[PDB]
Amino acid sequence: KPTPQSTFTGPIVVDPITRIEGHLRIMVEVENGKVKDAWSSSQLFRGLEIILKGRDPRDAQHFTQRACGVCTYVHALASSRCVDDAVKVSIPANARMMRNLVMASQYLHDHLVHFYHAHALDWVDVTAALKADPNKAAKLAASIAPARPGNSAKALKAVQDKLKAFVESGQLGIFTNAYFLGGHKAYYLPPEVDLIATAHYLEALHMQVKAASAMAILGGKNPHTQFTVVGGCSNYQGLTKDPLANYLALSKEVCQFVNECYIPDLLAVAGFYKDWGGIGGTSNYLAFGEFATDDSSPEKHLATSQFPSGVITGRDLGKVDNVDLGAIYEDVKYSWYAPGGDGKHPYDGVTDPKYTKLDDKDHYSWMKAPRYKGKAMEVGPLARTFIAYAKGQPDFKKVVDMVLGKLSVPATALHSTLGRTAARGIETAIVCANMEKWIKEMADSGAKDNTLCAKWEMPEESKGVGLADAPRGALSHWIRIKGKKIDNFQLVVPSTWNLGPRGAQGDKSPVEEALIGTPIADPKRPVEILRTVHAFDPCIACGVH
């Protein structure tokens, strides 16, 4: 029952961090088998903020969407909200609804792929699935999840046979040099649980196609949607009956998989790794909220988001503070930018790249360091979950309490890598529980009203901010317009908050802090580093842009 831990003392570098989006190098110092210091070093710069200068503000969303194709859509949405704010247009109700449904579809697609295809291989020994008894596995599956044909012994055996043929082929492909090959003490699951999870990993590859098709009914295509315009949306067909019927049907299939497979697998895994509820915690959380009923201004977005906005500090769930958009700034002290750029509110943002050398602990990342009232902030599902739970948001109270009771853990156990992973699943279930209501709202609104884009005019000089809570957390785009062109355009992205470097005072970012105390069973195969890093769901193309 003790968490495996070696006596290793020395450095560990993991580069590339695989099963994330983008290019990350993690360095840690380890003593007696526990991490004592950490650095999150982002390894690619593209410079979209620089590229945007002087361009047409209408074009911004098309460039910024290419910050990232895993969290596709969300930057087109933030840029659209940003320019809408700058031009002082209030989008029609239908456009708010359609934009928010496309965000919901994105959460479902993105979280399902993350759990199975990015994160699960840190917890699941796929090769051990070959040793499972498929009848025992089917019996277990029947005890922990709804009856389904994909959990039958026959279905699980067919998965085992496919995997056996692949492993015996001599070409292990994506499993080459996996940390679980030959056995690894940090991998706890029974072979039967490995087999159930592996079967669902394969099913999820098919189900994510359906989640993307749902999203594309409203978004035009996935990846990289093409249905938003200044003032609203362009997709009149997405307000109509047959498309929305198909969107509901596909979304119901996806949500059935969330409820039948994702949540039961997540809870099974969590049950075996309860020690991970005491590893990887941080203390401060920020959300801009998402799924607002009034998106006519950034302030109204903050106030009316159904997944509420807020700030928690020092793990104090008794108080959630309002977000002050004036209190956000970014530092560059420990980043690959010119000196002189610390403390900049994003409306005064500066992006002046200056590389030094690999592993320079004075300048070790292409991410800036966003801070809030002097503090690092964790953003994403765990932030949203704690903020919503603290506020008594009834869906989060229900689903969080379900998980707390299943695992016999308090809400405080969620300040951890296990908690971060659980929160991602919790909110996926909650989005699912709301899809029918949100779809009916838009179907009834689209049937009575086909206003989808408001009229607007480009101002000579203005500024604006677009807020969203993307699947990884609090996203903001900030524009200064001058001469009807982009004078400054700054993105501050959730992975910037979570995985950026230290700030001006030398204070660790959330992932750097979370890594302190990580046990290392085998320094040559440091799966424990991956468990925590993956739990933040990093996107380095997002974080650096």
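Numbering starts at 1 and follows the sequence shown.
Averaged over CA atoms, B-factors in the entry run higher in 3-11 than in the other of 536-544 and 3-11. Look at the C-alpha B-factors of 310-318 and of 107-115. On average they run higher in 310-318. Residue-level inspection of the entry shows that, of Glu378, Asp122, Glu290, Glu168, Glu168 has the top Cα B-factor. Highest CA B-factor among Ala413, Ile426, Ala443, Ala129, as stated in the entry: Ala129. The deposited CA B-factor of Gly326 belongs to the highest third of values across its chain.
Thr64: CA B factor lies in the lowest third for its chain, per the PDB record. In the PDB entry, a CA B factor belonging to the middle third of its chain's modelled residues is recorded for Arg480. For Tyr73, the recorded CA B-factor ranks within the lowest third of the chain. Only modelled residues enter the ranking. Placement of the Cα temperature factor of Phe272 within the chain: highest third of the modelled residues, per the deposited record.
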